[PDB]
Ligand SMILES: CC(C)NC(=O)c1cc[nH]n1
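Presented below, as structure tokens, is a lone chain in the form solved without the ligand.
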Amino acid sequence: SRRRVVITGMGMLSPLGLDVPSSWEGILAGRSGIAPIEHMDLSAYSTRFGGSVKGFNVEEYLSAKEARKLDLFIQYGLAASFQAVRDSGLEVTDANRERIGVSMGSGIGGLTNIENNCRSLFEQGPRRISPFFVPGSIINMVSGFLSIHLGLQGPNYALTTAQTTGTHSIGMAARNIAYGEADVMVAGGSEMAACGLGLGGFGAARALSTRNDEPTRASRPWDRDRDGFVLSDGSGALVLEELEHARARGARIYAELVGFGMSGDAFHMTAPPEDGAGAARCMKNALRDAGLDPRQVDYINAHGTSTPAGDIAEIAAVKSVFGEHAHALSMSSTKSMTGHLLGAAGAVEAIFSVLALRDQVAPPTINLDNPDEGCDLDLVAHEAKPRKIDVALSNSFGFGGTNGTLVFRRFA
């Protein structure tokens, strides 16, 4: 058999706020976090906007000296991670520290640090490269620094699965607990790819919306006028915990993680298959994992990136998996408001799926003014929808055809 895994703490940096309740307030109000990118010359770039984290104070978390050693993506992961542990009320002791682990991931990692150290390398030569360049830039340093700050001695690792990172991190963290490797995990993802190489890299593949005149309308999942995704920054962290461990200390339980699906499309390097076969296999894997029939699913937080091929594949996938129940469930893209946090997308959207269960409300897909051909599901267009939600899915799909599905159930 298998142990049960519940969510006892959550933490977040998003384009909508510097914590969960501020972010969620934005989500349910249909507020956009998208705006022209500041303190950065994007004149030569075809995209000049995205979801930036606004007003973040790293010194709430770290000394200025420690923050100077770490890429923004690491600072954001630590912020969410420290919020999530504090939210959980968990007391780390000598008796439990070996049973508490970390899996915080990134799609892209320390691009901003790499770019500034490149500046120094090209202009002055290697002797201007920071000594903290390597440990301050690598993706496992959110897990590493968190474990060192808090004395966590359980499983210590990082996933990097492109836009699927957050979903995979949480899912495999839940496996570690379910199969007795740990009693607590801090899991999720962080991303800060709003550098030249980030905007430039996605810009060169024409993956980005170029709607510079109306940044708040750029992200329009399933809308016939969508033209690619919106690049966003931030982090999500969840405290995952074995149920008996949570009950014994009187933890506040947000929801239970009942199901985790992984699948590979094995299709294309960047494009999803049009019939959504991969997303369909992954969701079916996750529902089997939960012992749930597709009819029991009430809410899906879609990947919903606002790319032509991505949005339509997810419609096909849901119709395929859910048949006669496909219109009954509500499916929304919170990327309509946050944009695409890449590796952290799965983390913040897991938290929104948990909060949809707590508050019995499907978040809107804003900007869905003209649903595209065959986009006829309940996509919660424009405004939040109060409804019955016992079971919520969060889907992620990524470059390399890598799929992730988490199934959350109400806990009472």
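Throughout, we count residues from 1 along the sequence that is shown.
Quick note: we don't show the form solved in complex with the ligand, though the next part is all about it.
Asks: Give a yes or no on whether every one of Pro221, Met331 and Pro364 sits within 4.5 angstroms of the ligand in the bound PDB entry by heavy atom.
Replies: So, no: the whole triplet misses the ligand.
Asks: Scan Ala158, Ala255, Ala246, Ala313 and let me know which has any heavy atom within 4.5 Å of the ligand in the bound PDB entry.
Replies: Looking at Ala158, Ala255, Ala246, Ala313 one by one, just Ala313 meets the 4.5 Å heavy-atom criterion.
Asks: Which of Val184, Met337, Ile300, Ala279 has a heavy atom within 4.5 Å of the ligand in the bound PDB entry?
Replies: Contact residue from the list: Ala279.
Asks: So, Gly398 and the ligand: in the bound PDB entry, are they within 4.5 Å at any heavy atom pair?
Replies: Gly398: yes, in contact with the ligand in the bound PDB entry.
Asks: For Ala326, is any heavy atom within 4.5 Å of the ligand in the bound PDB entry, or not?
Replies: So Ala326 does not count as contacting the ligand.
Asks: Look up in the bound PDB entry whether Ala271 has a non-hydrogen atom within 4.5 angstroms of the ligand, and give yes or no.
Replies: Yes, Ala271 lies within 4.5 Å of the ligand in the bound PDB entry.
Asks: Can you name the residues of 179-213 that have a non-hydrogen atom within 4.5 angstroms of the ligand in the bound PDB entry?
Replies: Contacting residues: none.
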